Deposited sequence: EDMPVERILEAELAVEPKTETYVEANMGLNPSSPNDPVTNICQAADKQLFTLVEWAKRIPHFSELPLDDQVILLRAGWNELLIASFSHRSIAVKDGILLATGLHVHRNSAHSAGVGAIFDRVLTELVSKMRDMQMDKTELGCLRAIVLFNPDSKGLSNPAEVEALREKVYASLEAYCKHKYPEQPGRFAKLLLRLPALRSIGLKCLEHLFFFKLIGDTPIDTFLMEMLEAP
């Protein structure tokens, strides 16, 4: 109850109008600041205790940013568009040693989004579901987070079937990209910890903080 897709869409429209790895890390750090503002625009999020707000963002920031640049890259030929306005071509990513993860983003996320023409409302809702992850460890009231999530996909399904009546399986199709997002999110984090370990690849303060423990 009280989870209008209009507010979710607004949050998306409000936050967004040579080693490629380094460029990706700078873009991620950059978007981390924008991510917090996006979250504050998601209904009832800011109403949760500060401690749980931190846990939720800590637990889903990687998937949240990935979903975002992936959808942004729908208009891209063979690459990804970073928030900084730079483009990472497949060859560039390949030549940097990150071709494997790059190919997964394109095939499992970008390509699928483009083919089904995922819109900004749907993207917003999927990220809202990810943000409200009831499995996040440390939550003082997991039931409360579970409630918000249920309200999001409840509004999302309503959005679909209504906008896209001719596609009864659209709602499920949207939800079925979450497993790929989870796996891809995990691999990207592994690469980030390796970059931090090796020493090379400058990592900014906010991104570094997210890599911090726990």
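- In sequence order, the one gap in C-alpha coverage of the deposited chain falls at 18-34.
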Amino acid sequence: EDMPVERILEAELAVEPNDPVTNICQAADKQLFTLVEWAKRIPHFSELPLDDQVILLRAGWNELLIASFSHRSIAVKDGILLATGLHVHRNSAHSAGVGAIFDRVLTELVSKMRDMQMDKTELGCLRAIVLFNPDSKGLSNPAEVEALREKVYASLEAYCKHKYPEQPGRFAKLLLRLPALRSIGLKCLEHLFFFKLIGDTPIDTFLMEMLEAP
From here on, numbers count along this sequence of modelled residues.
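- The records show that residue 18 is omitted from the coordinate set of at least a third of the other eligible entries of this protein.
- Averaged over their C-alpha atoms, the temperature factors of 110-118 and 72-80 are higher for 72-80.
- Once the C-alpha B-factors are averaged per stretch, 94-102 and 136-144 rank with 136-144 first.
- Ranked within its chain, residue 87 lands in the highest third, by CA B factor from the PDB record.
- Residue 5: CA B factor lies in the highest third for its chain, per the PDB record.
- Ranked within its chain, residue 52 lands in the highest third, by CA B factor from the PDB record.
- The entry lists a Cα temperature factor for residue 156 that places it in the middle third of the chain's modelled residues.
- Residue-level temperature factors show residue 210 in the middle third of its chain, judged at the C-alpha atom.
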